[PDB]
Amino acid sequence: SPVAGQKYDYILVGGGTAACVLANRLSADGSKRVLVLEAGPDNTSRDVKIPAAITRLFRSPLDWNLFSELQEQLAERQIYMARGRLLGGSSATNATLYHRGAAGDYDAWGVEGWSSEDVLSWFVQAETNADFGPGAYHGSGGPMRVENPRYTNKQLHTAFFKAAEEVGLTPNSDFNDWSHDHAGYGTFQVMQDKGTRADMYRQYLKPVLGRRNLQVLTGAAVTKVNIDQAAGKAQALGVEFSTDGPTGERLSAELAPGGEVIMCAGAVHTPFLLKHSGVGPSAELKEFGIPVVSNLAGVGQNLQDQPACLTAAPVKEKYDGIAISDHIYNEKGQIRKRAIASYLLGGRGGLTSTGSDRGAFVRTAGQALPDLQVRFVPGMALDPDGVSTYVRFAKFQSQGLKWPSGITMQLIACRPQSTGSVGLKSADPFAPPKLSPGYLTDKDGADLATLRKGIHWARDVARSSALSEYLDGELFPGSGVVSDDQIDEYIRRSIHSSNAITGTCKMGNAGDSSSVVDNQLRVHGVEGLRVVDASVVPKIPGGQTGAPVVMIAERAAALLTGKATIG
Ligand SMILES: Cc1cc2nc3c(=O)[nH]c(=O)nc-3n(C[C@H](O)[C@H](O)[C@H](O)COP(=O)(O)OP(=O)(O)OC[C@H]3O[C@@H](n4cnc5c(N)ncnc54)[C@H](O)[C@@H]3O)c2cc1C
Ligand SMILES: CCCCCCCCCCCCCCCCCC(=O)O
Ligand SMILES: CCCCCCCCCCCCCCCCCC(=O)O
């Protein structure tokens with residue numbers, strides 16, 4: 001009905017991080033008719049605008065509320081995997097940390113035309129930075145906003161940095177500068193604009209909603225890509241979707257001649273929807289009676305996510321009130337007047353923080369690149385699951401209680417060796433995906449070793465002069481968790497997502513039969529179908545995965561508009 005009688009040059013399946021970038025670049029010249037279909041609503045919540053309100057976005061109506069299959073290797077638990085459900089997708093719900101990883105991460109892909117030297121200019125193109133001017137590693141003038149965080153904890157941030165230095169870590173003045181080594185401690189830059197969230201809805205899509213050639217539908221849940229098998233195999237015709245959930249009528253948006261469907265549903269829902277479209281491992285599609293259009297073993301394989309555990313310690317009584325928890329809430333859980341005034345008057349203070357924006361990259365055992373990311377938070381976890389503790393922190397408002405003052409160090413396996421999968425547990429495209437993160441399944445136990453050594457490193461840092469001045473014992477993992485076996489059990493029971501998720505429709509070279517797209521991001525064996533999102537990442541870079549997704553979308557837009565070639 002909203003697409004009755006229209007023809008589109010591009011249909012974007014999803015309106016998330018990548019989709020917002022493509023919607024902007026593909027609609028620019030006026031010539032091309034662009035449709036965006038997002039299952040979630042418009043992006044208007046104040047909980048999206050205010051970085052500290054990330055606490056409220058977890059397990060909210062603006063999240064998919066995905067749980068994994070039971071993981072036997074993780075004390076038989078289902079793992080929550082946060083995913084944004086609105087225009088801007090996970091860019092609208094994420095911790096805003098700005099990471100590209102290292103040059104070596106893109107070289108390790110081994111994909112023609114996607115080396116570190118190929119991708120650098122596409123990172124720089126996206127960027128405006130408040131703290132770095134033009135140079136080899138930074139642009140000015142791009143639609144993204146990046147800045148140094150506009151909250152600083154006076155006592156605890158400086159203490160973390162001195163502590164890191166005491167255990168022999170060097171400062172890294174720019175984690176995105178590929179002319180020096182990735183390892184070191186410092187401040188993560190953030191995708192914020194004077195302390196408001198600078199998500200890809202705000203930066204890319206919202207400014208161009210006026211364009212007559214761009215049509216964006218919210219509440220539009222795609223159910224499959226329409227693919228025809230006629231005189232020379234499989235051709236995308238468009239997309240089936242409902243505007244009224246499962247019971248709603250199945251509408252179809254149609255491509256114009258020469259049009260393309262671009263999958264932007266992200267590393268969870270893209271492979272799910274491809275499988276619902278007959279693109280996937282033929283045995284999985286047969287099991288739910290889906291006709292196989294393109295038998296691709298790689299669809300939903302190679303799921304890479306960066307698993308996390310944490311240590312937490314209270315401060316001494318005489319340091320009560322110095323934590324970010326004290327800067328956001330008073331002792332009866334009301335939002336501090338000062339935090340509201342600083343946010344509104346100057347885009348400063350606790351409300352501009354997602355909490356996790358200082359830390360380090362560490363080599364636990366002589367690896368080529370750091371295996372460990374540390375995220376230092378100047379507040380104390382009340383749960384060994386940091387995502388559960390963020391949810392508790394949002395629920396804590398107005399409860400009449402005092403959050404105890406202290407610190408957390410989150411330990412992430414940032415270059416994990418384990419992989420998971422996403423598939424179907426049903427033929428109904430409205431049912432949740434069969435999600436398995438596959439944490440700690442790698443053959444050598446490398447990921448478990450990374451996190452075990454992370455906990456040792458966090459204990460060494462907390463034992464430092466700099467931090468032991470402030471701290472009063474340890475809450476997590478606590479005195480019961482000392483031996484390697486005790487630490488391994490604690491990690492199995494508490495391991496959570498640091499919210500990356502890549503690689504489920506991986507890009508590959510010619511001859512790579514585990515790949516789903518070529519180096520032009522085209523789905524093997526289907527005409528008029530591309531993937532442009534986190535799904536195409538061959539091998540997860542170190543650090544948070546949002547900026548790499550924006551780099552891929554910018555380059556894909558340039559390829560599709562004829563402004564660039566690849567290979
Ligand atoms: C909680 C959290 C914290 C993170 N922290 C950081 C961080 O600090 N820094 C960082 O750089 N990265 C971070 N990440 C990762 C980063 O946000 C993502 O990797 C990135 O946003 C992915 O972009 P994408 O376009 O691949 O997918 P998304 O941005 O997730 O977009 C997918 C879109 O498709 C939509 N969709 C799904 N199914 C359908 C359907 N059937 N029909 C229509 N639409 C559909 C979804 O609703 C969504 O809007 C975080 C992620 C999360 C979730
Ligand atoms: C639980 C910790 C996060 C809570 C954050 C909520 C803060 C609410 C404070 C009241 C401020 C509301 C008005 C200012 C915000 C408007 C959003 C914006 O335009 O940037
Ligand atoms: C955003 C500001 C909230 C700060 C108050 C929280 C106080 C306790 C700190 C808990 C830290 C655990 C580390 C978890 C980071 C989880 C969210 C994420 O993946 O971005």
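Residues take their numbers from the sequence shown, with the count starting at 1. One-based numbering, in listed order, for ligands and for the atoms of each.
Considering only non-hydrogen atoms, atom 30 (O) of ligand 1 lies nearest to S90 out of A221, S90, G266, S356. With distances taken over non-hydrogen atoms, the option nearest atom 34 (O) of ligand 1 out of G543, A39, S535, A265 is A265.
Counting only heavy atoms of the protein, atom 42 (N) of ligand 1 lies nearest to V222 N, 2.9 Å. Ranking protein heavy atoms by distance to atom 31 (O) of ligand 1, first place goes to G16 CA, 3.3 Å. Here the protein heavy atom with the shortest distance to atom 47 (O) of ligand 1 is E38 OE2, 2.6 Å. Here the heavy atom of the protein found nearest to atom 8 (O) of ligand 1 is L97 N, 2.8 Å. Among protein heavy atoms, atom 25 (O) of ligand 1 sits closest to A18 N, 3.1 Å.
Checking only distances, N94 does come within under 3.5 Å of ligand 1, N or O to N or O. Residue-to-ligand polar distances place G546 within reach of ligand 1: an N/O pair is separated by less than 3.5 Å. The shortest N or O to N or O distance between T545 and ligand 1 is under 3.5 Å. Taking any N or O of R85, backbone or side chain, none lies under 3.5 Å from an N or O belonging to ligand 1. In terms of N/O distances under 3.5 Å, ligand 1 is not approached by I501.
The backbone N or O of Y137 sits nowhere less than 3.5 Å from a side-chain atom of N176 that would complete a donor-acceptor pair. In this structure, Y80 contributes its side chain and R59 its backbone to a donor-acceptor pair below 3.5 Å.
By the 4.0 Å N-to-carboxylate-O rule, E474 lies close enough to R459 to be salt-bridged with it.
Taking 4.0 Å as the cut-off, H496 does not count as a neighbour of ligand 3 on heavy-atom distance.
Close approach of ligand 1 to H269 (heavy-atom distance below 4.0 Å) involves ligand atoms 37 (C), 38 (N). Each of the following atoms of ligand 1 lies closer than 4.0 Å to a heavy atom of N499: 1 (C), 2 (C), 3 (C), 4 (C), 14 (N), 15 (C), 50 (C), 51 (C), 52 (C).
In this structure, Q301 has no side chain to side chain donor-acceptor pair (under 3.5 Å) partners at least two apart in sequence or on a different chain. Residues that satisfy the side chain to side chain donor-acceptor pair (under 3.5 Å) test with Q544, not counting sequence neighbours, are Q373. Scanning for side chain to side chain donor-acceptor pair (under 3.5 Å) contacts around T389 gives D383, with sequence neighbours left out.
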For ligand 2, find each of its N or O atoms that sits under 3.5 Å from a protein N or O atom, and tabulate the pairs with distances to one decimal place.
| residue | atom | partner | partner atom | Å |
| --- | --- | --- | --- | --- |
| ligand 2 | 20 (O) | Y343 | OH | 2.7 |

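The aromatic ring centres of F396 and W403 sit less than 6.0 Å apart.
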